[PDB]
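In the form solved without the ligand, a lone chain appears below as structure tokens.
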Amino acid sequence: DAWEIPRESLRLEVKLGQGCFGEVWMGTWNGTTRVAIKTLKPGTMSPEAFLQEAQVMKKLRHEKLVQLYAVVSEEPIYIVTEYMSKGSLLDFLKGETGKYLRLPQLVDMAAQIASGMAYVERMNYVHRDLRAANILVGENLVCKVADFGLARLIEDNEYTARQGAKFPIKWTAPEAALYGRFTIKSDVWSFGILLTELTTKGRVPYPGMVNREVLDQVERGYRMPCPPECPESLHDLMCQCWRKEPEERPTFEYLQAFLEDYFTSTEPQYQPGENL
């Protein structure tokens, strides 16, 4: 493992988050580099399962994808990545800064995410966990795709899908959640949901609905309505991402181009409102 580094080269400084599977720390590597350190609590999951996201990052590298720096393979397992100061997009959206974000900033962030996903698309991979909680934010509003624990090649003749899978229906394309059909198009569906998170300041999609109600409604044709102050053109994009037929959904290449040129090509008459 050419990515392996000695434990003593790391210094855990500030604890950013903690749960039942481990913790996330801000620290320093080699006494010169600020880094993010994800830890595994022994016994909560296999070290092999914990290190999966590290394996994916060794193959997937891009400006808009969080970069892997190093790994400490002996328990307690450590995953070292580039430090993203503002934390998760979800937390950022919900926090005190979120209130000042308007459509220009939110679309810019969506365009960066689309670029990272356009790379994932070109690499023939599928993320499977695309949502605001799994996007990291740095300075200058830089956004990068993170948490690659579920990412994998679409076609892998040596991969046997696990049955009885429990994927979050609110963010997962119905064909993927129901039939295990994960494609880049199912990631596009998730991107549409992410667009609602961006435009609602991080609210949970399908408010007031539980998982089973979401599945039934989505299969019946129900789609989330246009959020207040969100231009119809952006909601139209969300709906394209939510087409029942996976192949009728847009590419990330198209999404990136559309979002990058949004304020000149699609909504040139945009004017700031109260929230967007």
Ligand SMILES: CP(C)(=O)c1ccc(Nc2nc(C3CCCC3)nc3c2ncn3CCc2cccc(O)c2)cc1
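Sequential numbering from 1, following the sequence displayed.
The form deposited with the ligand bound is left out here; the points below concern that form.
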| item | value |
| --- | --- |
| Non-hydrogen atom within 4.5 Å of the ligand in the entry with it bound for each of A173, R223 and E248 | no |
| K38, heavy atom within 4.5 angstroms of the ligand in the entry with it bound | yes |
| Partner contact for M109 in the entry with it bound: the ligand, 4.5 angstroms, heavy atom | no |
| Exercise: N124 in contact with the ligand in the entry with it bound, heavy atom 4.5 Å | no |
| 4.5 angstroms heavy atom contact with the ligand in the entry with it bound for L237 | no |
| Contact residue in the entry with it bound, from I113, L93, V188, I79 (heavy atom within 4.5 Å of the ligand) | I79 |
| Segment assignment from 85-93, 173-181, 194-202, 100-108: heavy atom within 4.5 Å of the ligand in the entry with it bound | 85-93 |
